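All remarks here apply to the structure that follows.
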Amino acid sequence: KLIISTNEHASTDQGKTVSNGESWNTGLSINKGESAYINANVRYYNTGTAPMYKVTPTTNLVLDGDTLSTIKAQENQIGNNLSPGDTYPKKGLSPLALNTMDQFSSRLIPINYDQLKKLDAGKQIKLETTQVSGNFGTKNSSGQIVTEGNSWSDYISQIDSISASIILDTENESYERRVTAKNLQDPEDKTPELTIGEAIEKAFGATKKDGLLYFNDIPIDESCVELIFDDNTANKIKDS
Amino acid sequence: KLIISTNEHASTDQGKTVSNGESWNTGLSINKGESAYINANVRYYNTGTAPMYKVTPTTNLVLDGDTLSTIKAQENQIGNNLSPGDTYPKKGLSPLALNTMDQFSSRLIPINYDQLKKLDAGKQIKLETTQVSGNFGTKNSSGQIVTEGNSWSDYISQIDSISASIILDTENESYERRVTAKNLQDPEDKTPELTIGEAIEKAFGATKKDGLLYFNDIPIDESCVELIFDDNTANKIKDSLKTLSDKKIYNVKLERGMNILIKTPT
């Protein structure tokens, strides 16, 4: 959801002069620069295989074709824990409000008069996430778990460059996985070779019944599901 | 309770002209972007088995279906100590006031004019907590207690994923516990097996009298209390009952993800 708070001053003054005399006056002052404020109710989710600690996403706000602002999550909108398949705030709670713009959460998000006019004319606003930063837990010299100073951004680029992405889209749920591939040009890349069937079996933990993979009870065999590729994957599959 | 501070100006002017006359005036201007400020009186509580140091909860404020704001606890609203069964502020004191939004507690919580005009029309605001941050105490190389840099958030997810939840809800008091379960798929999971009866005995420290568990004096046996499960636990427990000799709920093997809730009779 999105909430608009129109920023104008409204004054009503009345007098009584004494012959005789009375008066009434009204006013309406509006600032053309910062004419309204926007509050967005958001909600995070995880579809991977590992949790993310200290979730600090970055989002965009697009009215028509214009990015109104990009805001990184402050201390008020940081998710301490996010397990796979979970959601912050957890199911049954209410979405969190992203309504501050500066680093210390002491400044609201303004919009223009020509933007507020479109917003109240029957036009919607859109949200998209550019990036998300978090942490991961490891063990220090003792038996404790330390999750400070362990950024996922150090491994995102290194993982996306040597892996293929597979997204199983069941109903009311979604899964996304990365499976390590092998380079044939490099003779010193000793990564084990896999086919698409073995990749699907390993990524989602499917078990063969009669040689056909089943996820839990539904079938995911290539003749029982709809596969969607992009142009590059389709070209690399047709020739093979 | 919640407190509203309506934000408008109010000017009264009068003159005396000399021909002879007088004058009067009275005005009131309000801002329709930040028309009021809200103040919330909160009070923490603990129902676990371990204390939390430097309690820094995060709360939500919803008016009708709209989350007004989410505020993390500042230095003014941090509780240094919270033992199990206690509150902050302790019993006999007054609730603490949460009335600042920014990080340094120098900016109040505003609401809209369309939100104030609805609040004063006979509508209430609701508060729900989304997360809590705290610390735990360990011993360093000398023999002192260090509670800085020891976050519970590192163990919340690792504990919730291998445990079942048991909530004993007696009168004027509530308890919540986590008991470690066992995965039968993994052959290298050497966690001891447990039934629901043993889990209830261990979690709440109940002692058997004649084979029936008693908490302190009130019975907590499966026939003397009301058990409430969710759909998943109910389905997972209705199929293991048939393949049993005693057909007792307390004799079912404990598994990860259960949500057993125990309620004692009035």
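Residues that are within 13 Å of chain A (Cβ to nearest Cβ), within 30 Å of A:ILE109 (Cβ to Cβ) and surrounded by 14 or more Cβ atoms within 10 Å (Cβ to Cβ) within segment B:1-23 comprise just one, B:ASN7.
Just name the residue that is farthest from A:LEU168 (Cα to Cα) out of those in segment A:205-228 that are over 32 Å from the mean Cα position of the chain (by Cα) and small (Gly, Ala, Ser). Looking at residues that are over 32 Å from the mean Cα position of the chain (by Cα) and small (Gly, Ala, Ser), I get A:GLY211. Would you confirm, using the coordinates I've provided, whether A:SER105 is assigned to a loop (DSSP other than H, G, I, E, B) and on the phi > 0 side of the Ramachandran plot? It is true that A:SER105 is assigned to a loop (DSSP other than H, G, I, E, B) and on the phi > 0 side of the Ramachandran plot.
This table checks each residue for (1) of a type in the set (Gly, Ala, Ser); (2) loosely packed, with under 10 Cβ neighbours inside 10 Å; (3) within 14 Å of another protein chain (Cβ to nearest Cβ).
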site	(1), (2), (3)
B:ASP154	no, no, yes
B:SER161	yes, no, yes
B:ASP169	no, no, no
B:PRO187	no, yes, no
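Restricting attention to segment B:90-112, and to residues there that are among the small types (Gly, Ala, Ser) and within 14 Å of chain A (Cβ to nearest Cβ), which single residue is surrounded by the fewest Cβ atoms within 10 Å (Cβ to Cβ)?
Only one residue tops the list, namely B:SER106.
Of the residues examined, B:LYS32 is one that is of a type in the set (D, E, K, R) and under 29 Å from B:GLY122 (Cα atoms).
Considering (1) away from every other protein chain (no Cβ under 12 Å); (2) surrounded by 15 or more Cβ atoms within 10 Å (Cβ to Cβ), the lone condition that B:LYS117 does not fulfil carries the number (2). Please go through segment B:24-40 and give me each residue that is more than 7 Å from chain A (Cβ to nearest Cβ) and either touching a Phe, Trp or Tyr at 6+ places or on another chain (Cβ under 6 Å) or among the small types (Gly, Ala, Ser) (or both), ordered by number. Across segment B:24-40, the qualifying residues are B:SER35, B:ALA36, B:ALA40. Which residues, taken from segment B:66-89, are of a type in the set (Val, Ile, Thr) and either more than 10 Å from chain A (Cβ to nearest Cβ) or over 24 Å from the mean Cα position of the chain (by Cα) (or both)? Of everything in segment B:66-89, those that are of a type in the set (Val, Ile, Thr) and either more than 10 Å from chain A (Cβ to nearest Cβ) or over 24 Å from the mean Cα position of the chain (by Cα) (or both) turn out to be B:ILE78, B:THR87.
For segment B:120-138, taking the residues that are more than 18 Å from the chain's Cα centre (by Cα) and under 30 Å from B:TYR175 (Cα atoms), the one that is farthest from the other protein chains (Cβ to nearest Cβ) is identified as B:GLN124. Set side by side, the residues B:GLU226, B:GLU201, B:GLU222 differ, and just one is under 24 Å from B:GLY48 (Cβ atoms) and surrounded by 15 or more Cβ atoms within 10 Å (Cβ to Cβ), which is B:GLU201.
When you look at A:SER141, is it more than 10 Å from chain B (Cβ to nearest Cβ) and closer than 30 Å to A:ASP189 by Cβ, yes or no? No, not satisfied. Looking only at segment B:68-89, which residues are more than 24 Å from B:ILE125 (Cβ to Cβ) and either β-branched (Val, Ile, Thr) or touching a helix residue (DSSP H, G or I) at 6+ places or on another chain (Cβ under 7 Å) (or both)? The answer is none; no residue qualifies.
Say whether the condition of being in contact with a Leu (Cβ under 8 Å, 6 or more places away or on another chain), β-branched (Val, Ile, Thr) and more than 23 Å from B:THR129 (Cα to Cα) is met by at least one residue in segment A:105-116. If you could, list the steps in order and put the result at the bottom.
Step one: of segment A:105-116, the residues in contact with a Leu (Cβ under 8 Å, 6 or more places away or on another chain) are A:109, A:111, A:115.
Still in the running and β-branched (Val, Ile, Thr): A:109, A:111.
From the residues that got through so far, the ones that are more than 23 Å from B:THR129 (Cα to Cα) too are A:109, A:111.
Yes, segment A:105-116 contains a residue that is in contact with a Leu (Cβ under 8 Å, 6 or more places away or on another chain), β-branched (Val, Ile, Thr) and more than 23 Å from B:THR129 (Cα to Cα).
Here, each number is a calculation from the coordinates, and none is a lab measurement. Every residue, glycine among them, receives a Cβ derived from its backbone with ideal geometry; neighbour counts consider all protein chains shown.
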